[PDB]
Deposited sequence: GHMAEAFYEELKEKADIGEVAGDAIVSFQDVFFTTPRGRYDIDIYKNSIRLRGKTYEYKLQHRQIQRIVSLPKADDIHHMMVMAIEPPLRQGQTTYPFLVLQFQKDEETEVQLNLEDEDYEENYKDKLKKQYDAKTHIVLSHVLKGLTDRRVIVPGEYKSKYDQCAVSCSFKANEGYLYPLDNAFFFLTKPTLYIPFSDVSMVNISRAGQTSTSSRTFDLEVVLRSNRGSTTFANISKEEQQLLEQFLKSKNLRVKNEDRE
């Protein structure tokens, strides 16, 4: 039961971990309730929240970085990836007493929402967890996209140059803050982008990015104060 939750999002599709979960949100925790696994995640465990559209024009994604990572049986998840039909909507009233709403939440939550599901979820997460929801910034690829196709290790994905980070989706998911970057290395009709980390923590290469995309990537990263050698 979840009668005690402030608000629940029922039957949400997560692509990682793969399955459908209810998301019961409380003042200091979220309970993820699946068919096989249930997990109580502290708000403190949520390091980052990213909301972005899929290349689809059908789906919207939300991504939560989790530390310590979520567990199901033996196996460990540093990122939760949730997926929504971009047009589905949610109408919901928060289960908060009026005085409790007024004392603690009047400036960061509404009592009633009626909006796209991912937008309601963003707002409730912001208000309850006090985290920023990161959205795609000024970067816009040669063909007016938020991201470029490439691979990390063998793994085909998309790299989003966000305003303050590199973000790779979806297998595996990686988030590298710019404040963790020592420098970038562009080597060669595709190119490889090496993100060298500070504190001798190594480097992460995003391989086989279209060459057409090099110049705008280079300029955006330099405008963000990163050392870009090519």
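Chemist: Comparing the deposited sequence with the modelled residues, which stretches have no C-alpha coordinates?
Modeler: Residues lacking C-alpha coordinates: 1-19, 208-215, 258-261.
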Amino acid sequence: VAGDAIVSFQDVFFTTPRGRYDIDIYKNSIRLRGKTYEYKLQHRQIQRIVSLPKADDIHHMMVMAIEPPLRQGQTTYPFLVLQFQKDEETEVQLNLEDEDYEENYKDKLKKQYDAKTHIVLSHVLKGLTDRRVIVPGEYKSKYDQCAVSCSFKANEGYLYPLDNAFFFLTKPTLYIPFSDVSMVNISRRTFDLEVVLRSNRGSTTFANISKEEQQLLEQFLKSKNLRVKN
From here on, numbers count along this sequence of modelled residues.
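Chemist: If you average the Cα B factors in the entry, which is higher, 203-211 or 10-18?
Modeler: Averaged over C-alpha atoms, the B-factors run higher in 203-211.
Chemist: Taking the recorded C-alpha temperature factors, which stretch has the higher mean, 162-170 or 179-187?
Modeler: Of 179-187 and 162-170, the stretch with the higher C-alpha B-factor average is 179-187.
Chemist: Out of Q112, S149, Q85, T90, whose C-alpha atom has the biggest B factor in the entry?
Modeler: By C-alpha B-factor in the record, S149 ranks first.
Chemist: If you check the C-alpha B-factor for each of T129, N104, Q145, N95 in the entry, which is highest?
Modeler: Comparing C-alpha B-factors across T129, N104, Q145, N95, the top value belongs to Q145.
Chemist: Sorting the chain's CA B-factors, does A55 end up in the lowest, middle or highest third?
Modeler: Tercile = highest for this residue's CA B-factor.
Chemist: Taking the entry's C-alpha B-factors for this chain, is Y77 in the lowest, middle or highest third?
Modeler: For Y77, whose C-alpha B-factor we compare with every modelled residue in the chain, the answer is the middle third.
Chemist: Grab the CA temperature factor for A154 from the record and place it in the lowest, middle or highest third of its chain.
Modeler: It belongs to the highest third of the chain when residues are ordered by C-alpha B-factor.
Chemist: Can you work out whether the C-alpha temperature factor of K108 puts it in the lowest, middle or highest third of the chain?
Modeler: Ranked within chain, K108 CA B lands in the middle tercile.
Chemist: Could you tell me which third, lowest, middle or highest, the C-alpha B-factor of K27 occupies within its chain?
Modeler: Its C-alpha B-factor, which the entry lists for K27, ranks in the lowest third among residues of this chain.
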